[PDB]
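Next up: just one chain, as structure tokens, the form deposited in one PDB entry.
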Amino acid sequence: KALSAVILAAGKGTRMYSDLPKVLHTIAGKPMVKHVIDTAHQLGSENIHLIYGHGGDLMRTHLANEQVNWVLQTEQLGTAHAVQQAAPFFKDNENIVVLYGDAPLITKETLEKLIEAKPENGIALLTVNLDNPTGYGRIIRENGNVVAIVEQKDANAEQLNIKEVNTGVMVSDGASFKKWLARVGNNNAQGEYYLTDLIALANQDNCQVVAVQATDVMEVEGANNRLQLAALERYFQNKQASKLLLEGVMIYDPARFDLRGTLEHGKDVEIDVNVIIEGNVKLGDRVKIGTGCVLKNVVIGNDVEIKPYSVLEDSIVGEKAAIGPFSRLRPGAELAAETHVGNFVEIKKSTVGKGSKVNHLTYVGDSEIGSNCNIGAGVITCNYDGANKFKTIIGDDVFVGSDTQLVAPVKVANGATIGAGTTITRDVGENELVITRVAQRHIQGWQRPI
């Protein structure tokens, strides 16, 4: 049968001490709630009902593009009251999974096992074993089925030793949710309508409640502060790195590796310590990444070596190219195959042709460089004052001498040669040699003040 998801995300998150609502704080560069919405989407949810309240405006701006049904809960009357806000949109013959925006590491595989175990007209309750279950609702099984969730304050000596506890995550059909939520009361110390009470209501109706144990505790762990958030981040990062290592990526130290998006990789990829991968990154075969690199939204061809402390963003690098150390690729940098980018070099919105080298103390911006060019140390592409970034065009096999200024708009045709310390403001012809005529004063017997 069909499936829809409900995500609780109305929490203030007071203990984060932030202007952001609780669920917008990120895990691996992504808001906590976005992990949940994506997991719900990978399950095949027709609808994803997002229960929101605190920081409504911020939720809407940060999650504007999410395919969710925005359900405002004006008052936090309890988790059952929150689910009931979305209940008029539940299809009677569809399954509904209840998730929490601040417990983001819940897996598609655990939820699939939970949905699968759900008995007809009953509930599938997600449970977990804790070494210290103190404070949590103990799961009581009788004839294999969950008969009660016994709270810490109510449990007897024997029940206190039960390690299996309630996570709040559950699956039931829409009609059963509509029916039971209308029957939840708030007669307890907190005066709240608890979704927990649906287990007692199911048993009252002689409907079966089946327990499904989660793989890891960290999957159901919520973050109430930035310390807990950091623990979720380390667990998530270690999980991503282990999957990569088992896929054949040589990550020198999985404890000093960060993936904040997606990684597509070839075989024999080597990633040194303190590397950060952001957005959508694709590495070809035998790519080597040196210590301290940051790759954001990049495409790296086969056999590329990125030497230490290189920062690349919205760039493309061709096969056998050599980058770094200390290279900066800014958005629009397109390096063809067998290119060379060295230390203290900045490339921005420029194309660099096959075999070309830009190895030292250079700025290349809004330029087109052909194949087999030699861009000398200290070369800078610049503009006139009041200009609107006008473009530098360099053809094939051009030599640009050290410390030359290329003043855009300007073209340098194939095979041209530019001498060191030149100011290029006018177009250079095919095979034109341009050298600066220097005037110098020479004074003999100049005794230095030493």
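For clarity, a rigid core is taken as the largest C-alpha set superposing within 1.5 Å between two forms. The first residue of the sequence shown is number 1, and the count goes up from there.
The protein also exists as the form deposited in another entry; that form is not presented, and the subsequent description refers to it.
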Open item on the list: With the core superposed, a Cα shift of 2 Å or more between this form and the one not shown singles out one residue among 356, 127, 350, 315. Which one is it?
Closed with: 127
Open item on the list: Using a rigid core superposition, assess whether residue 338 undergoes a CA shift of 2 Å or more between this form and the one not shown.
Closed with: no
Open item on the list: After a rigid core superposition, would you say the CA of residue 245 moves by 2 angstroms or more between this form and the one not shown, or not?
Closed with: no
Task: Core-aligned C-alpha movement of residue 296 between this form and the one not shown reaching 2 Å - done: no
- [ ] Might you say whether the CA atoms of residue 15 and residue 152 end up closer or farther apart in the other form than in this form? Their distance differs by 3 Å or more.
- [x] closer
